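The listed protein sequences derive, respectively, from chains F13, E1, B1, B13, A1, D1, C1 and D13. Start counting the first sequence at 176; every next residue gets the next number (the deposited numbering). Start counting the second sequence at 176; every next residue gets the next number (the deposited numbering). Start counting the third sequence at 154; every next residue gets the next number (the deposited numbering). With the deposited numbering as the guide, the letters of the fourth sequence map in order to residues 91 to 101, 150 to 203. Start counting the fifth sequence at 154; every next residue gets the next number (the deposited numbering). Start counting the sixth sequence at 25; every next residue gets the next number (the deposited numbering). Start counting the seventh sequence at 25; every next residue gets the next number (the deposited numbering). Start counting the eighth sequence at 25; every next residue gets the next number (the deposited numbering).
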Amino acid sequence: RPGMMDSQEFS
Amino acid sequence: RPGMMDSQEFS
Amino acid sequence: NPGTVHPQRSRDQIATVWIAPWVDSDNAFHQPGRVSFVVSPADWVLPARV
Amino acid sequence: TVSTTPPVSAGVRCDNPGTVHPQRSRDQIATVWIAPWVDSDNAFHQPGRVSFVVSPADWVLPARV
Amino acid sequence: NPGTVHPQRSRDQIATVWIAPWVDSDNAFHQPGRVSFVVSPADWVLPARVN
Amino acid sequence: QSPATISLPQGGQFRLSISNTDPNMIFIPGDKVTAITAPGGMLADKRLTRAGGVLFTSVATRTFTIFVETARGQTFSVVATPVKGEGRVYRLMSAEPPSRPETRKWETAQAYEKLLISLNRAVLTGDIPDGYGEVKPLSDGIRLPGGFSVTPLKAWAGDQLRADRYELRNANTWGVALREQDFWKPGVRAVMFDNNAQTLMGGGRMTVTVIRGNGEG
Amino acid sequence: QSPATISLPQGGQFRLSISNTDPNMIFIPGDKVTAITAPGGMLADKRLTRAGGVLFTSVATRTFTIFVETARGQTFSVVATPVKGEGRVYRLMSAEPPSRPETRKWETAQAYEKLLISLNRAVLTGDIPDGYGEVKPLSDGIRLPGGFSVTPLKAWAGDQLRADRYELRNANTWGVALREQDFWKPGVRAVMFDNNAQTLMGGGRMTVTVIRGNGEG
Amino acid sequence: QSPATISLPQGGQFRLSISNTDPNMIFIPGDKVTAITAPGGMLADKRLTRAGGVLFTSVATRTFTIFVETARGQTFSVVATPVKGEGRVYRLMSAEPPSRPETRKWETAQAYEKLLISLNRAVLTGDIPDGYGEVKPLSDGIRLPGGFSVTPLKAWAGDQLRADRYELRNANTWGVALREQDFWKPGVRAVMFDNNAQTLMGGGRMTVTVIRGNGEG
């Protein structure tokens with residue numbers, strides 16, 4: 176998975 | 176995928 | 154012929170009213186100036202023929 | 091009807155009572171001194187002088203010289 | 154004696170806008186004029202000293 | 025850097041370069057493109073965009089003709105020569121405008137200002153509005169500058185405003201200049217010189233309408 | 025560091041620099057980005073934020089064209105050069121005010137002088153109306169009379185009205201008394217001075233809020 | 025020892041060191057972070073904290089860009105260079121404050137004190153409250169210092185308080201200084217000098233309002 180991102184969406 | 180573009184329509 | 158002469162239209166009448174300085178509910182002070190309005194619309198006229 | 095606050099000021151280059159930069163007037167402050175008193179929880183109060191505004195301010199067109 | 158002070162009661166701030174000539178909905182010309190408003194109102198200024 | 029604005033006539037042909045590697049965009053101000061036609065197998069992908077827009081990507085290496093049809097029955101032709109480089113945006117515009125929209129004044133004036141205006145107009149016309157009825161003219165309603173003499177003429181009054189007309193008479197025999205502000209009396213709302221004449225001479229008899237406040241407070 | 029503002033029109037194309045390893049963001053001051061299109065296989069991942077911006081990551085190495093599209097009806101193309109470095113933030117300022125039919129209803133519902141007052145109080149305090157959005161200031165929007173110079177600061181536009189703030193500097197050694205009227209240019213509609221000033225001493229720093237018709241003239 | 029307060033603009037980039045072995049914390053006073061984005065596989069763990077806080081732990085050994093988005097549409101960027109050492113806390117702050125909250129005076133005054141104040145104000149205005157009605161002024165209601173002469177003027181009374189106004193007259197022809205405490209008579213609740221003037225001269229005629237107790241007990 177290159178160029179991929181990681182995003183947590185806090186409630 | 177020739178000539179295919181990435182068109183992401185966001186909601 | 155009094156008729157069959159190229160007709161022109163007449164001139165509108167313009168009247169100016171000056172508003173006294175006043176204040177409003179939101180406490181703004183208004184100084185408008187003079188407002189001009191047309192009292193009479195125009196009317197057709199056959200020119201005098203010499 | 092809307093209020094009309096300014097009487098015409100004392101009567150490039152046009153002498154108009156209107157169209158002058160308007161200023162606002164001054165509020166009126168009044169002081170009341172409260173007599174020393176006591177309250178239900180038995181506390182003795184010495185307030186001092188309390189100042190309140192009797193009249194709000196109003197618009198004014200300066201006199202023009 | 155408790156420390157006596159004099160009330161200040163700073164004034165208001167006024168901003169005036171000038172309105173450029175415009176013609177209204179019902180067709181009456183409005184020649185240049187002005188409207189004035191109070192940006193920040195007046196208020197009591199807390200004292201800096203109590204002596 | 026800025027779209028290439030191109031005003032071609034209806035059925036017009038405009039030869040323009042397009043990019044064979046990057047998407048290109050054609051948009052018409054005030055119109056929404058409905059359809060796009062090209063030789064089969066030239067334009068690989070075509071996508072509608074917010075408002076009226078076509079983003080097309082062509083892998084072809086030969087010049088070809090492309091037709092665009094908008095939503096108001098406009099059809100324009102374009103001759104496209106693909107070239108290596110940046111995608112190009114084109115602002116398609118009509119040649120001679122078909123119609124002229126008359127934009128109404130959106131501006132609305134203050135209610136009090138309208139009330140003063142209507143009454144003045146009605147008095148001038150002589151029609152007196154339903155609420156208003158005739159009464160006695162006020163004896164002194166205006167300031168008299170420079171020897172002017174005022175004779176009460178007519179008046180009408182109503183629930184919130186009242187009107188008086190006075191005839192000015194000039195005894196000065198001098199050239200005077202009128203400024204409506206001179207005729208101000210503590211309590212006046214508006215002054216109208218029926219004849220819009222700046223200067224009155226001797227015997228300048230302009231009639232002025234002043235609306236004060238009935239029920240003044 | 026601060027975001028880079030570029031101000032392209034709806035036809036604008038700007039050559040910027042995009043990053044590779046870490047993500048990048050382009051956001052509209054006043055609009056919500058809804059779609060973003062790039063050549064296939066060029067953008068690795070994209071995400072839409074709650075504020076209305078777009079986070080994208082480009083893993084490719086060739087220069088490419090990206091189109092961004094907003095909800096009010098807008099489209100801006102940017103040309104990105106993939107370089108190794110940290111992420112970059114771009115502020116895509118409009119430059120041609122967008123169409124906002126919802127704002128026009130509030131603009132026209134109320135009176136006019138009131139509307140002028142409101143829009144000006146807001147500019148003074150900073151509480152910008154909900155419908156208004158930040159647009160590029162007009163480089164030359166007011167008459168500069170006899171020795172002043174101007175620089176632009178901020179601009180807010182709705183549908184039928186605009187709003188600009190211009191920093192005035194007095195080059196002339198002698199102090200110049202200024203009247204709002206001097207500044208009138210065809211198409212302006214109100215000129216108001218923040219610090220009410222009869223005169224401006226040399227080396228003056230005075231800002232003046234001027235509003236104009238949107239698209240008029 | 026103290027959080028590193030950093031006021032960067034919207035879309036701002038701030039390069040800061042973070043620890044690769046221990047958790048780090050970023051918090052915004054008055055705002056609650058909603059989301060945090062970083063290059064994939066850089067920040068291993070991210071946790072929400074009481075109020076607005078992000079505790080992140082990164083095992084990476086390379087500089088990377090991280091975006092934080094709060095709950096009021098604020099987005100800030102941070103360039104983080106991991107380094108062996110203690111975890112670092114960062115207080116993110118806005119540059120120019122968007123709005124100014126006018127905090128109302130929370131303070132409330134005693135009921136009796138308000139009652140005295142309202143009446144004094146009403147008498148001064150001349151409006152007389154519903155309960156109050158006019159009666160006879162009390163013959164001697166105040167102490168007369170230094171030759172002052174008091175003439176009853178007006179009074180009104182009500183269920184629990186009564187008011188009297190007297191006109192002071194100065195026969196001294198000396199410069200006197202007023203202190204409201206001098207005019208105290210066993211049974212007075214308050215004394216108001218209508219004109220707030222410290223010194224009265226000869227013929228200093230200040231009018232003073234004194235509220236005593238009707239139904240005195």
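No residue lacks a Cβ here, since even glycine has one placed at the ideal position from N, Cα and C.
Heavy atom of the ligand MG within 7 Å of residue i beta-carbon
| i | result |
| --- | --- |
| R74 (chain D13) | No copy of the ligand MG appears in this structure; indeed no ligand is present at all. |
is_contact[residue i, chain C1] using C-beta, thresh 8 Å
| i | result |
| --- | --- |
| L32 (chain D1) | no |
| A181 (chain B1) | yes |
| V103 (chain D13) | yes |
Where residue i falls: helix, strand or coil (DSSP)
| i | result |
| --- | --- |
| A195 (chain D13) | coil |
| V147 (chain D1) | helix |
| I141 (chain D13) | helix |
| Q205 (chain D1) | helix |
| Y136 (chain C1) | helix |
| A59 (chain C1) | strand |
| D183 (chain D1) | coil |
| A104 (chain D13) | strand |
| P177 (chain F13) | coil |
| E120 (chain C1) | coil |
| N48 (chain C1) | strand |
| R167 (chain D13) | coil |
| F185 (chain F13) | coil |
| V150 (chain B13) | coil |
| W175 (chain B13) | strand |
| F80 (chain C1) | strand |
| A28 (chain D13) | strand |
| residue 242 (chain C1) | Lying before the first or after the last residue shown, residue 242 (chain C1) is absent from chain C1, which here runs from 25 to 241. |
| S43 (chain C1) | strand |
| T89 (chain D13) | strand |
| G241 (chain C1) | coil |
| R189 (chain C1) | strand |
Chain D1 within 8 Å of residue i, Cβ atoms only
| i | result |
| --- | --- |
| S178 (chain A1) | yes |
| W175 (chain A1) | yes |
| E120 (chain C1) | no |
| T29 (chain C1) | no |
| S186 (chain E1) | no |
| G97 (chain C1) | yes |
Where the beta strand (DSSP E) through residue i begins and ends
| i | result |
| --- | --- |
| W130 (chain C1) | Unbroken run through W130 (chain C1) is the alpha helix (DSSP H), 125-133; no beta strand (DSSP E). |
| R115 (chain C1) | 113-115 |
| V92 (chain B13) | Looking at the DSSP string, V92 (chain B13) is not in any beta strand (DSSP E), and its letter there is neither H nor E. |
| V203 (chain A1) | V203 (chain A1) -> no beta strand (DSSP E), and no H or E assigned at all. |
| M230 (chain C1) | 229-236 |
| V191 (chain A1) | 186-191 |
| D69 (chain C1) | 67-72 |
Beta carbon proximity, residue i to chain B13, threshold 8 Å
| i | result |
| --- | --- |
| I167 (chain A1) | yes |
| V191 (chain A1) | yes |
| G237 (chain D1) | yes |
| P200 (chain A1) | no |
Proximity test, Cβ basis, 8 Å: residue i and chain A1
| i | result |
| --- | --- |
| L148 (chain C1) | yes |
| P194 (chain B1) | no |
Any C-beta of chain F13 under 8 Å from that of residue i
| i | result |
| --- | --- |
| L116 (chain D13) | no |
Proximal chain B residues relative to residue i, where beta-carbon distance stays under 8 Å
| i | result |
| --- | --- |
| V212 (chain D13) | Of the protein chains in this structure, namely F13, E1, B1, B13, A1, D1, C1 and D13, none is chain B. |
Validate contact between the region 71-89 of chain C1 and the region 121-141 of chain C1 using beta carbons, cut 8 Å, 3 pairs = no
Is the region 115-130 of chain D13 close to the region 208-224 of chain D13, with three or more CB pairs under 8 Å?
-> No, the region 115-130 of chain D13 does not touch the region 208-224 of chain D13.
Taking a Cβ distance cut-off of 8 Å, strictly less, list which residues of the region 74-85 of chain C1 are near chain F13, in chain order.
-> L79, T81, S82, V83
Select from the region 36-64 of chain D13 all residues with a C-beta closer than 9 Å to any C-beta belonging to chain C1, and list them in chain order.
-> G36, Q37, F38, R39, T58, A59, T61, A62, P63, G64
Quick check: the region 198-212 of chain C1 against the region 167-174 of chain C1, are there 3 or more CB pairs under 8 Å?
-> yes
For the region 125-141 of chain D13, which residues have a CB atom closer than 9 Å to at least one CB atom of chain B13, in sequence order?
-> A133, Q134, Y136, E137, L140, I141
Taking contact to mean at least 3 C-beta pairs separated by less than 8 Å, is the region 45-65 of chain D13 in contact with the region 80-89 of chain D13?
-> yes
What residues in the region 167-199 of chain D1 bring their beta carbon closer than 7 Å to a beta carbon of chain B1?
-> none
Three or more beta-carbon pairs under 8 Å between the region 126-135 of chain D1 and the region 159-178 of chain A1, yes or no?
-> Counting Cβ pairs under 8 Å, three or more are found: they touch.
For the region 101-109 of chain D13 against the region 86-93 of chain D13, are there 3 or more C-beta pairs whose distance is under 8 Å?
-> yes
Do the region 182-197 of chain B1 and the region 182-197 of chain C1 touch if we need at least three Cβ pairs shorter than 8 Å?
-> no
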